[PDB]
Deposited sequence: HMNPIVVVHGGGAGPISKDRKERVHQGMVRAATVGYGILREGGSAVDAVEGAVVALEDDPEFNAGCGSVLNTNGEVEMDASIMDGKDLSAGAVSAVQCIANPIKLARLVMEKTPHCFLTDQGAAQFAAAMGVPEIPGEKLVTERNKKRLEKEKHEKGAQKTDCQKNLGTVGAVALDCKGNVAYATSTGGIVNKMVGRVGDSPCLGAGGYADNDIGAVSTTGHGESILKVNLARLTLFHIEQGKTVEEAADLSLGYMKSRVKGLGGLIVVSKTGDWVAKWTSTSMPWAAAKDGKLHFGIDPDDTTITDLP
């Protein structure tokens, strides 16, 4: 059987202030912990990516769930997607409002409907039918995200390979500050925000959503693995192309079908954590990687 693994990311960002880096560090550790605990007890790859991303959705420090960036009207509209590498089954939602966990709604879509993608009002109606609670929009809005919008005017992901050799990705976001109402980015679109395939691996992406969509970044990365590039070579070429062709920045996490993994980015930073062989691997800036024991 396969030694399991989970990689998590807290999105592409520019420079991060001293004190924020600590709470971001705290957030990543817990997310990878939730995911690795699931894998260490024979939970599936899908269960693991879902668990890790709920933690980041629940933590107001991250642009997904509580703490999502606000649209051009000071409201939170969220996108999410999840994918099962075994049969390529998938679920996704876009521009969802007044719910706590977008990623959980995407897994409902995957397992419970005959569809792969629901949006906006239809996503709300399915949620309520699934008994997903309705939370006031203000429970998702932070004070820092109010400040960010008022100044602009004037993502999170996980991959996992489980003990059976199944792979999975999940991605969840509030989008991009000052976005038009109903703007949908890459995060709920398979092949762009993420892709999972047992015969190759699983990728989750972050960064400029419009660019990620244009180059199909997640699927693109896996293409290169199929050519015989390493996970790191594949990440370099795909992000390189998004930079060269459309002038877009971001980052990605990937795991191969055989357990190889990397976190690479072309923006300044990308908080990432990994857990494989009882250890925790963490970083934010290039080559700041710390390795700790994860009992």
| item | value |
| --- | --- |
| Unmodelled intervals of the deposited chain, in order | 155-168 |
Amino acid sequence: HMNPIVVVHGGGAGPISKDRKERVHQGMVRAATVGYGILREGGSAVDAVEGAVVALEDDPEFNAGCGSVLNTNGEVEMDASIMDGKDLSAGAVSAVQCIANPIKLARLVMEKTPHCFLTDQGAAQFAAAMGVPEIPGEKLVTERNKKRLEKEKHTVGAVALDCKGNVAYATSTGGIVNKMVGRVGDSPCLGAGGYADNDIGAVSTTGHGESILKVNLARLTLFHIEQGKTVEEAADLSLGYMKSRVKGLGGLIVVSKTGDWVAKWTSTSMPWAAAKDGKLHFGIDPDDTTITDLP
From here on, numbers count along this sequence of modelled residues.
query: Segment of higher mean CA temperature factor, 104-112 or 125-133; finding: 125-133
query: Stretch with the greater mean C-alpha B-factor as recorded in the entry, comparing 136-144 against 78-86; finding: 136-144
query: Modelled-residue ranking by C-alpha temperature factor, third containing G251; finding: lowest
query: Chain third (lowest, middle, highest) by recorded CA B-factor, residue given as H208; finding: lowest
query: Third of the chain, ranked by Cα B-factor, where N198 sits; finding: lowest
query: Third of the chain, ranked by Cα B-factor, where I38 sits; finding: middle
query: Lowest, middle or highest third - CA B-factor, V69; finding: highest
